[PDB]
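Residue numbers (the authors' numbering), protein chains in the order written: chain B, 705 to 736, 751 to 807, 813 to 826, 855 to 965, 977 to 1150; chain A, 705 to 736, 751 to 807, 813 to 826, 855 to 965, 977 to 1150; chain C, 705 to 736, 751 to 807, 813 to 826, 855 to 965, 977 to 1150. Notes follow once the structure below has been shown.
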Amino acid sequence: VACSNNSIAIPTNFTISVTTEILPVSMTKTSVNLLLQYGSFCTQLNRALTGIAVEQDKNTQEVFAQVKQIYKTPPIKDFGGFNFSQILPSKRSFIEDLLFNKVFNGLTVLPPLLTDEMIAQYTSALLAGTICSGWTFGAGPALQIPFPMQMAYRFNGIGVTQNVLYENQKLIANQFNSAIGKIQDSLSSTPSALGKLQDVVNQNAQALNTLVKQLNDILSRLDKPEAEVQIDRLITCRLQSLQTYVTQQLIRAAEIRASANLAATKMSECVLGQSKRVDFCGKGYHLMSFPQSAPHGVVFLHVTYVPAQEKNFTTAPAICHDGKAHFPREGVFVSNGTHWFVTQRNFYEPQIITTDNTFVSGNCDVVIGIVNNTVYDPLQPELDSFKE
Amino acid sequence: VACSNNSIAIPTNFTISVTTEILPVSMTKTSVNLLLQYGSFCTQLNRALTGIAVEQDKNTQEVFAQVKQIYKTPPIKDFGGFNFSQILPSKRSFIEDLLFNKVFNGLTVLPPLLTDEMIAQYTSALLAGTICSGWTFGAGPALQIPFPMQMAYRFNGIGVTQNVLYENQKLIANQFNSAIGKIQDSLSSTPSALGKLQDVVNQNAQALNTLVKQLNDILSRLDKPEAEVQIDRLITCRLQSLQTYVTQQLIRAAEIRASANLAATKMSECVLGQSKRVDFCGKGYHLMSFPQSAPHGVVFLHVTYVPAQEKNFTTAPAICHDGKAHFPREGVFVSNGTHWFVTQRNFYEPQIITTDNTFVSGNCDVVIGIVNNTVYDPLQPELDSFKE
Amino acid sequence: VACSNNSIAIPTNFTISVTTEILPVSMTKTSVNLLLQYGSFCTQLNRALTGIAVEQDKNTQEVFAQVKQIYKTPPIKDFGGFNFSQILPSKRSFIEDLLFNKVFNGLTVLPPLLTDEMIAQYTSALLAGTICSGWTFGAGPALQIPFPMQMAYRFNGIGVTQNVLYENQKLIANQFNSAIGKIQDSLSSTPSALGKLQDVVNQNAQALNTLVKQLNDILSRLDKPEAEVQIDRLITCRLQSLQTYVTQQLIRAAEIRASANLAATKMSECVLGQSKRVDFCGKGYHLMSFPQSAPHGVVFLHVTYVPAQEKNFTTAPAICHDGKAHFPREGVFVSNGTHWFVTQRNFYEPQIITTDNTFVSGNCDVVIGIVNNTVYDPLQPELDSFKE
Ligand SMILES: *[C@@H]1O[C@H](CO)[C@@H](O)[C@H](O)[C@H]1NC(C)=O
Ligand SMILES: *[C@@H]1O[C@H](CO)[C@@H](O)[C@H](O)[C@H]1NC(C)=O
Ligand SMILES: *[C@@H]1O[C@H](CO)[C@@H](O)[C@H](O)[C@H]1NC(C)=O
Ligand SMILES: *[C@@H]1O[C@H](CO)[C@@H](O)[C@H](O)[C@H]1NC(C)=O
Ligand SMILES: *[C@@H]1O[C@H](CO)[C@@H](O)[C@H](O)[C@H]1NC(C)=O
Ligand SMILES: *[C@@H]1O[C@H](CO)[C@@H](O)[C@H](O)[C@H]1NC(C)=O
Ligand SMILES: *[C@@H]1O[C@H](CO)[C@@H](O)[C@H](O)[C@H]1NC(C)=O
Ligand SMILES: *[C@@H]1O[C@H](CO)[C@@H](O)[C@H](O)[C@H]1NC(C)=O
Ligand SMILES: *[C@@H]1O[C@H](CO)[C@@H](O)[C@H](O)[C@H]1NC(C)=O
Ligand SMILES: *[C@@H]1O[C@H](CO)[C@@H](O)[C@H](O)[C@H]1NC(C)=O
Ligand SMILES: *[C@@H]1O[C@H](CO)[C@@H](O)[C@H](O)[C@H]1NC(C)=O
Ligand SMILES: *[C@@H]1O[C@H](CO)[C@@H](O)[C@H](O)[C@H]1NC(C)=O
Ligand SMILES: *[C@@H]1O[C@H](CO)[C@@H](O)[C@H](O)[C@H]1NC(C)=O
Ligand SMILES: *[C@@H]1O[C@H](CO)[C@@H](O)[C@H](O)[C@H]1NC(C)=O
Ligand SMILES: *[C@@H]1O[C@H](CO)[C@@H](O)[C@H](O)[C@H]1NC(C)=O
């Protein structure tokens, strides 16, 4: 890395974009003398499937059910130039519907504890809360706020003064709305993001078809000396086929659990709050995350702040005025090549250096690398104008 | 949840109360050819009890012994209108005494590693530190401060300006003192909070009585062919009785351990510091927690801040003055129906909007939802008065 | 602890020092009918060594490889009065070299996955980043800054206003440079800090020598009835000798792993960031930590802030002026025995109390313990001078 004792790097521009990521949460859960002894083995095989089945409902609850009472929104689409009408809530959202549309003989299939209706309700409650009130740390929602005022605090949390959001509100809203529209067409048109979920579904569709492809009709036709041989052979190979099936479900379940753990982590860290980690809940600095319902999983839309062009500015520890040293009240002192300004750290904002944004401590002989500039008050000009 | 693009919810009042909760920390720990073979089984049973016994002293140390050197207070009862004389330190506190007053044949009972005197010393040291100095993050106490100045920082930590404590110091102190008095009478009069500890004590009193109710006098009277039969039967049923006893102690010990883990968590999180989680160390926002000694456990008195009546105020992103946009320096802009004020976020405090509590950035054409108001300086009035 | 309702303890001076600690990270990893049955046992013994060998490279990566792309510095020695020329980068640093200079028959020794060159590169990248740019939270470096401006933020993080660093920059730099020079001579002269690493090295040097000290020459000379006896006895005792060796390596490996876990924790907590825990990454308040390469381990140089002399000042909640109560804008009000000043909390800095560093709320009848003083504005003096 390049370095210099008077060089400071400050971003001068930024963009906001919406990153879409899809995390699988749950897998389809299924169930299924010497004969009795085989029955014992069957039970153990079923137990393994049962343990998985519990885990799968285990996963669903950990990811979605982080709110205790369900909430719903009023018919508001415009939250300050921001278009939420295609993520909000069949009464499902238009985007969720895209995800839904695009993604015997002893063998039975179980229902989920949380059905599509319950999941839609939990997702709606989480989303309704995030947008209008915001969630607190501990339990429940916080207090109602318009919406830009919520974003303003998320900007402050990444070191950006609460004036950037409002000055660039039109640009931010347009970039947000554009990204949502692009996600609209992208998810439908190209099988990109919709990869992980389809893969999981295809795999057990295959596992089930394999299990199936792999007693009374024998007993009624064959005598004991032969019937027992055919029966024992069929039972053994079928138990082996089930063992293979169970093993495949267990391994895949482990991958789903790992994904569910991540989804739950993000839900509690950046959906119900804000992530401090960069490049975690989306590339760049996290501001907000809005959950969406999906087949066998959850989809997150991450709104992130990404800095752009950076410039090399000349800096100084402090400014000398009348022999006294003036230190910056909040920001740092930088030179644009002809004039000195005071700016915040994470975004170039050339404020004029005045006595109202500085404090006085020490002197010009003590401070190292101090520069000679003019730091003026807003009072004398008024005195000169008022009666002179 | 109801929502509106210009509606902000702000609390206008609050109350402070003391929540009492009781957490069990430790359980009474006890100990107890073919004959030798039974002896092996007895040893294994004793091992299980030994493992528990270690855990029980394990628990006590984790919860109470979080301070290395013992401290004591001066004879101060009044810490700024706050009455601490009935929680401070037989040299035990009057409240602790209420808790104390209200709550062979191979079988022996063990002493604790930390006796009542040692526990009283640790509790006194933790409490002495909390009240006068406050604890730091890492090791030891911080620096001596009166007391209201400690509370002031705990208020700041929940988003309330350090003026609320002082303006309402009389009301806060009265509510605190009242709560302690109520706890005084409540704990003594009604067997409510004093439930969990009594339950634990009663259970092993029963377990021990059961074990007891459930050799030489046989050998000296019966011949071998009969004596061995009676002896083997008695040993077997006694080993079974002990197995049941050990199992009961193990299960209960697990519940005690879970409770001890929670008590230790709270001790390090909200007693030696401040909890950020709402509704954890008491309902509402945590400010302080004072530990108290108790039979077989620890009692915490949590001082929490609870907001009350909320009003729906009309808000605006910024205020227009001379065509330039004025943004709030710290708080938000709200309207009470006739006038605009600037307040903090978590408590309604209608400060007059002046140039000294705002900053100027951008203009009235760019900001969305900007309102027309007057933002004035404190200088012109002085100029007009001084020489005009 | 002593206590009083109007006494506040404030530090008036400080020192900065460099604490050196050495943590071992990795251990030398090694490898090694009835005969075949013994071979099975040998394989199990080798497996245990293999598991250790994996762990040892496991440790190295966890501690050092926390940066993905390698970086190098420009030839800068002076970073603002701070001498870094003896810690920066044979192309190894002079201090690292001191550490390096001071610290068959079936038996083989394995190489590390990360060789000395790779470790030097990772260490250089971590150090290059720490000094010039500083690391961010999530991934990669942050933004380029001189260096004093980085320290200034680390001071702010411990409650000290960003003016202390600059006013005392000469004293801080001299204390830092002095400490590094002392470490220079200390590490070379006295076998103090260089204890843990030498101990680990000596122990397996001994383990290997012991293993060695503890077939065809028998078969070609002895007949079956005797040859088998000698051979079986030698194999058994050699397998026992190896079992002892493996056990010793496993136990020591556990100690190394515990140390590696700590080193990795510090690397991610206080090297790539800042520790909030006091007396963790060095005595006192942590500011910075610079890694250094070492034989079989890592060396950390911790730069810590230590407060010194404290005084007992008289304090007051607020100051009365014209019947209105004035509260401190940032700090606290203290009396030095003759005059009232406003200072920050963690360092005595007697600023003059003026209307520009206070705010007005409430009145002199409500506030408890309010004192009568003069709080003046900087305006009237200008009005009196300008035209009177
Ligand atoms: C949101 O986008 C839809 C198009 O999908 C459009 O019909 C609607 O008017 C937009 N609403 C706002 C507030 O922009
Ligand atoms: C800043 O300086 C570095 C080092 O010379 C250079 O690589 C970089 O491109 C410069 N940045 C700009 C915007 O010129
Ligand atoms: C610095 O900013 C001023 C505006 O205040 C501008 O006039 C000047 O040209 C800028 N200097 C450079 C080198 O861009
Ligand atoms: C920065 O480094 C240059 C040498 O390249 C030196 O002359 C100058 O005085 C240094 N300035 C500061 C503030 O250290
Ligand atoms: C500022 O001006 C004074 C003379 O008024 C001079 O002595 C001092 O060196 C100058 N400082 C700098 C950084 O040029
Ligand atoms: C505290 O309460 C007791 C009554 O239990 C009373 O006697 C004592 O005077 C009170 N002290 C203060 C400072 O209020
Ligand atoms: C604020 O508005 C909501 C929605 O209409 C209403 O339910 C609530 O009662 C109002 N609050 C007050 C104090 O009137
Ligand atoms: C708003 O506050 C002012 C006091 O500054 C008061 O006179 C006025 O009546 C209040 N308006 C309402 C609707 O309460
Ligand atoms: C708030 O919503 C109303 C529609 O109910 C609209 O007329 C008004 O312009 C919106 N104001 C803002 C700031 O969005
Ligand atoms: C403020 O007054 C100006 C005229 O001076 C007017 O053009 C502008 O629209 C007004 N703003 C609002 C929010 O009413
Ligand atoms: C750093 O110390 C070395 C002595 O080891 C000295 O030669 C060099 O000049 C010093 N550099 C600075 C900037 O002090
Ligand atoms: C502050 O007061 C305590 C209690 O009397 C005393 O022990 C301590 O030495 C005093 N500090 C100083 C610097 O005198
Ligand atoms: C308090 O500080 C002033 C300087 O503003 C000094 O003159 C005075 O002697 C100090 N008082 C004491 C007791 O040190
Ligand atoms: C401090 O305690 C003394 C008694 O030693 C009392 O007279 C004084 O009024 C108390 N001051 C405050 C602010 O509590
Ligand atoms: C301050 O002076 C007023 C008289 O102007 C007096 O009533 C009040 O008690 C004094 N306050 C203190 C703390 O001495």
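Backbone N, C-alpha and C fix where the C-beta goes; we use that ideal spot for every residue, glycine too.
### Task
Quickly, what does DSSP pair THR1116/C with across the bridge? List them, please.
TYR1138/C
### Task
Run the proximity test for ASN1074/A: is its beta-carbon closer than 7 Å to any non-hydrogen atom belonging to ligand 7?
yes
### Task
Using a cut-off of 7 Å between C-beta atoms, extract the partners of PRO899/A located in chain C.
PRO1079
### Whole-angstrom distance between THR778/B and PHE888/B, CA atom to CA atom
22 Å
### Task
Let me have the residue list for ligand 14: C-beta closer than 7 Å to any non-hydrogen atom, ordered along the chain.
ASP796/A, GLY798/A, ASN709/C, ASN710/C, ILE1130/C, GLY1131/C
### Message
I need the DSSP call for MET731/B, collapsed to helix, strand or coil.
### Response
coil
### Task
Let me know if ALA1025/A comes out buried or exposed under the rule of 16 or more other beta-carbons within 10 Å of its beta-carbon.
buried
### Task
Whole angstroms is fine: what's the gap from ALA1015/C's alpha carbon to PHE906/C's?
39 Å
### Task
Verify the contact flag: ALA1070/C, CB atom, against every heavy atom of ligand 12, threshold strictly below 7 Å.
no
### Query
Under the three-state reduction of DSSP, which class applies to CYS883/C: helix, strand or coil?
helix
### Query
Any C-beta of chain B sitting closer than 8 Å to the C-beta of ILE1130/A?
yes
### Query
Within the present structure, is the beta-carbon of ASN1098/A separated from the nearest heavy atom of ligand 8 by less than 7 Å?
yes
### Query
DSSP puts residue 974/A in a beta bridge; with which residues?
One cannot assign coordinates to residue 974/A, given that chain A in this structure leaps from 965 to 977.
### Task
Evaluate the contact criterion for the region 771-789 of chain C versus the region 866-881 of chain C: three or more CB pairs, one atom per stretch, below 8 Å.
yes
### Task
Have a look at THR866/B, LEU858/B, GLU725/B, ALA713/B and flag the residue whose alpha-carbon is nearest the alpha-carbon of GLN774/B.
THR866/B
### Message
If the criterion is Cβ atoms closer than 8 Å, does the pair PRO1090/B and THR1120/B meet it?
### Response
yes
### Query
Any chance the CB of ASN1125/C is under 7 Å from a heavy atom of ligand 15?
no
### Task
Closer than 7 Å by beta-carbon distance: list the chain A residues that pair up with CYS707/C, in chain order.
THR791, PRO792, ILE794, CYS883, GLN895
### Task
List the residues of chain C that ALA713/B touches, going by C-beta distances under 7 Å, in chain order.
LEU894, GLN895
### Task
Round the Cβ separation of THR1066/B and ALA944/B to the nearest angstrom and send it over; I've been treating them as touching at under 8 Å.
The pair is not a contact, with the Cβ atoms about 16 Å apart (cut-off 8 Å).
### Task
Report the three-state DSSP secondary structure of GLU819/C (helix, strand or coil).
helix
### Query
Is the distance from the Cβ of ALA1022/B to the Cβ of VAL781/B below 8 Å?
yes
### Task
Decide yes or no for the touch test of the region 751-770 of chain C against the region 1094-1114 of chain C: beta carbon pairs closer than 8 Å, at least 3 of them.
no
### Message
Taking 7 Å as the cut-off, is the beta-carbon of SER803/A closer than that to any non-hydrogen atom of ligand 6?
### Response
yes
### Query
What is the DSSP secondary structure of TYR904/B, counted as helix, strand or coil?
helix
### Query
By how many angstroms is the C-alpha of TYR1007/B removed from the C-alpha of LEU962/B?
6 Å
### Task
Identify the contact partners of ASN907/B in chain C, using a Cβ-Cβ distance below 7 Å as the criterion.
In chain order: nothing, as chain C lies at least about 16 Å away.
### Query
Taking just the CA atoms, how far does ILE896/B sit from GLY798/A?
37 Å
### Message
So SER758/C and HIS1058/C are supposed to be a Cβ contact under 8 Å. How far apart are they, rounded?
### Response
About 33 Å; that fails the 8 Å criterion.
### Query
When burial is assigned at 16 or more other CB atoms within 10 Å of the CB, is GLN1071/C buried or exposed?
exposed
### Query
DSSP state of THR1027/B, grouped into three classes?
helix
### Query
Identify the residues that DSSP records as bridge partners of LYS1086/C: which are they?
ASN1125/C
### Query
Mind checking if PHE1089/B is an interface residue toward chain C, Cβ cutoff 8 Å exclusive?
yes
### Message
Can you tell me whether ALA1020/C is helix, strand or coil according to DSSP?
### Response
helix
### Task
Can you have a look at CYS999/A and say buried or exposed, based on whether 16 or more other CB atoms are within 10 angstroms of its CB?
exposed
### Query
For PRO1053/A, does the count of other Cβ atoms within 10 angstroms reach 16, so buried, or fall short, so exposed?
buried
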